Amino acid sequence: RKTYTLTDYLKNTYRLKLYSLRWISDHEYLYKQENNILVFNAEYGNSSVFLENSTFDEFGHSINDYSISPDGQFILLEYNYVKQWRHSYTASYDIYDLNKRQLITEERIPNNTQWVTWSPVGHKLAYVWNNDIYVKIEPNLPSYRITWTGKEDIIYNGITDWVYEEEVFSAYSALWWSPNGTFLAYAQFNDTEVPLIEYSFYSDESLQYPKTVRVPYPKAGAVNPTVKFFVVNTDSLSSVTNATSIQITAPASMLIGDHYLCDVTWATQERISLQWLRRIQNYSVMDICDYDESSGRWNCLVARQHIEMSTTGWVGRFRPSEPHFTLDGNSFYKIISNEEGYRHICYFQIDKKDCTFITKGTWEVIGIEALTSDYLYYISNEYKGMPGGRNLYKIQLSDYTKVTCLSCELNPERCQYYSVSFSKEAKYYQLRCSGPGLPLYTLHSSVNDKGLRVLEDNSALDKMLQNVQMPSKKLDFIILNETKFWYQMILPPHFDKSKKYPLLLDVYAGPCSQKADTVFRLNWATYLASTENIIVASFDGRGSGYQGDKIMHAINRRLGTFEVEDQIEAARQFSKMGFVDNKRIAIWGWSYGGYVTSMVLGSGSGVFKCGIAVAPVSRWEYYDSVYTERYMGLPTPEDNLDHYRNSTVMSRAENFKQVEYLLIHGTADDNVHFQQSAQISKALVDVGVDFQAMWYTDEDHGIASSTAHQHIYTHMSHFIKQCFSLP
């Protein structure tokens, strides 16, 4: 009988099915079946073909994605896709009028467009091209140029520079339509004095001289980009006169120094919320800005700013939390750490002091998902006190005490990890369960929270997997200093506590991470347990998220300490349990996991026989400012420079003589620079330690090209199989 093989992982032999739909009103959504775009009625479940796979067979280009105007009249077609960073890319665009069932060829959207977006209502367009912003009121009409300052690598209007995209907004876009669709707000980033990271890109075999890539990127403590914020009135645009952008300056308490613009939320048609963060990320201000028709200006009264501080750590999980505004725009809710350091929903009324906690407990809210007049819907990990689970709840607005669990009980053995998607105005919602069993997609009505229908049960995949000897998963915890810390273990088929198993510790362990959860996954570890009979453990130690600040801020200004310690201690704990071959314990990790794997390998602990680090950080001065400084402060003598340097992998080289080490990195890694590994290897050479290495030419942090993806996991499997003495 057969197992989950490496070739299965690499080749996607057992495919997970999903069901991504796109809401388009409070009761209809779109969906693709055989590349036909169907539109669905949510209430009754009937559907029909919105767009036929047939159309565009003679288009000329392969179509990459699409977006429909709110008013259903038009559709955007995205082709010539060219990926840049984690979120950004350039592409070409066409517009198809639906009622005319024709393709528009007037005033077309330029090739190399960097970003396009419909207005929330109607058929307006805004797009960035050559770092400048443009606006078409209508798709067959000439665009109005809004900005003139766009300049490659220096001035960005309406799109983000590298660090904002990666660490602040999590997106390339820096444009925000007012709900009216009347205003276009946007940010401008200035990278004039931001230093450049430089690396070689070799390209095709045919490229005689390797090309040098230069990217404005601030490493820890280096000069940051600066930011301006503007708002333009789209209703008032002249063919003759320029477009007048009104600026909104940051609070004076931000203007005194380096800061970031970290969130932008429209409250009403004439109220905006701005979140600002001090470069020292323990202080931030929310600014409420109202339009004044008499002047045309936007004013943010100092009086109604809201303010957040931390004395134990930084602000928010990764940034200040997002405000969810009540419909009238006079109050809002948002996740906040309470007096005991747990993140709960807090209620804020604009011109009033403080805020009011509507939730509390020894658990945390993960996200606020929806807000109607009678209810606030949110995900939390309360159920059964399992930080690694997720369920939908709703709280009765007029009686905070009445909290209903919407998902806890749908299928309590198959489903303990939910996410959700609401329709406009929240009349219907889609539930998505991700484990511990097979992913399961259902539809629901808000009225009586009635289960309308099952959308996808992955029955087909399930029939296949009954054939294979699949691994099982154990989610438990252990006690350390009177504190529970959770772990998981993917266990091989027919597990036997009277046998001894080799064990791989799969590490990430970065701040607010969680590696022990109830998600079902078909991945490299599935192969390792199913086929090679290795146990694959992970452990959430100090610094991990979703358990309260006491645990999360343990690591404050002290990266490469308690999280490293704890992974080691976790392994001592596992050896204690009697079914692990304490001669065959490995450790591996990627990104931040690579850094921790290295530090572990470098600790002299004597627990680990061998390990793999992929694209690991090696010293924090090498990584970016927003991320690094968030946790480490600045690397100056008067701040945290000491620990910046007590915490490098390099300084641990000698101890690598006791272990077998595999070090991997892509040459075109724009995120964690090849530098970081290049310095690790040199430190190891310089001290006479033998080790094994692999570079991947022209790959970035993902090393995700199909061929490279296959090569590295193959390479790594050999490594581990040697180390463990397996066939």
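Residue positions are given as counts along the sequence shown, with the first one as 1. Rigid core (definition): largest C-alpha set, two forms, superposition within 1.5 Å.
Superposing on the core and measuring CA offsets in 7 other deposited structures of this protein, the stretch of 233-241 and 184-192 with the greater mean deviation is 233-241. Using the rigid core as the fitting frame, the root mean square C-alpha deviation in 7 other deposited structures of this protein is greater for 351-359 than for the other of 351-359 and 313-321. Higher mean CA temperature factor between 494-502 and 187-195: 494-502, per the PDB entry. When the two stretches 608-616 and 349-357 are set side by side, the higher mean Cα temperature factor goes to 349-357. Comparing the listed residues 692, 675, 53, 667, the entry records the largest Cα B-factor for 53. Between the residues 624, 364, 532, 409, the entry's highest C-alpha temperature factor is the one at 409. Residue 257: CA B factor in the highest third of modelled residues in this chain (values from the PDB entry). Residue 13: CA B factor in the highest third of modelled residues in this chain (values from the PDB entry).
When the CA B factors of the chain's modelled residues are split into thirds, the value for residue 59 lands in the highest one. Per the deposited record, the Cα B-factor of residue 566 falls in the middle third when ranked against the other modelled residues of its chain.
When all modelled residues of the chain are sorted by CA temperature factor, residue 340 is found within the highest third.
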